[PDB]
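Colleague: One structure follows; several queries about it will come next.
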Number of protein chains: 2
Amino acid sequence: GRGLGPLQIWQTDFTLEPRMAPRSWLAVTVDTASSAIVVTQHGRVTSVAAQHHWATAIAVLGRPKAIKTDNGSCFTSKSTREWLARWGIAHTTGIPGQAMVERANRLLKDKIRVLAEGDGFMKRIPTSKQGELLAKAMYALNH
Amino acid sequence: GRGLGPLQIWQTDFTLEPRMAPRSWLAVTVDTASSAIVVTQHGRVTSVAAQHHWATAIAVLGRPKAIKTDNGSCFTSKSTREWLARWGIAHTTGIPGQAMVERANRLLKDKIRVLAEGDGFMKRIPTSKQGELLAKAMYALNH
């Protein structure tokens, strides 16, 4: 039960991280209630990538009441609008307001760099090592 | 803080689900403290698949104190033993004891079937639809 606790509102963004190429587009959600982050990697910034990301974020965090994004085409497309309506999730792009996800993006890229360099990867992370490294970064920031 | 709450012990298993082919091996963790489930799909049952799965489960659930599995080769290999030691996670295969993960396996396969059939997929789920369907099943059982 929420009671008087924080409203179930996420912020979501994409951030480009070449250390994670070829799937260098990181989709990042921050739960504004808890500050928990979910991150997934994607080859291309698309509407369907956003939807795949949120499907995973819902599995992890539960179904939010609302999601805040910017006005990027992957978020304002008919496809994305319909996907969010299917889920019953309200969507805002703010006042024509997401400092928390901007912070998450920076903390995540910094952590990825630190972990990668720790493993001796000074440039791109080998593809076979990326999934666990990304999960380690998410763990590091959440737990 | 745990206080007097349940110990941070997981149960993990693999279960084969042809509706999810070609990545029909589902790695399933249940957190015995909360009954939360994490599921990932894999093409082959291997030590590294187990490790990839747990990396994701740690991102979602936090680092457990211990994990219970059976004596399958993917769990008792030198590779897996070393990976768990790297993380500082105790590993048991029990008394030469994981009813909760067996229940999770059944609830998950039943839910996958229901969701798939709801979408009109009476046999294998099209590959492009599997990730979101699996995430939906995980959501359904956790939230």
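Numbers in chain B track Swiss-Prot; the residues on display, in order, are 1332-1427, 1432-1478.
The header says X-ray crystallography, 1.0 Å.
Just so it is clear, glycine is given a Cβ too, placed from its N, Cα and C backbone atoms.
The feature Mg(2+) 3 binding site is assigned by Swiss-Prot to B:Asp1344, B:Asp1401, B:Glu1437.
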Colleague: List the residues in the vicinity of the Mg(2+) 3 site, defined as same-chain residues other than B:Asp1344, B:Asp1401, B:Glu1437 with C-beta within 8 angstroms of the site's C-beta centre.
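Modeller: Apart from the listed residues, the neighbours are B:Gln1342, B:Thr1343, B:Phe1345, B:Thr1346, B:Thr1400, B:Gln1433, B:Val1436, B:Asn1440.
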Colleague: Do you know which of the binding-site residues B:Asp1344, B:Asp1401, B:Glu1437 has the most other C-beta atoms within 10 angstroms of its C-beta?
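Modeller: Result of the Cβ crowding comparison: B:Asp1344.
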Colleague: Please compute the Cα distance from B:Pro1427 to B:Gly1432 in Å; 4 residues between them have no coordinates.
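Modeller: Flanking Cα atoms, separation 11 Å.
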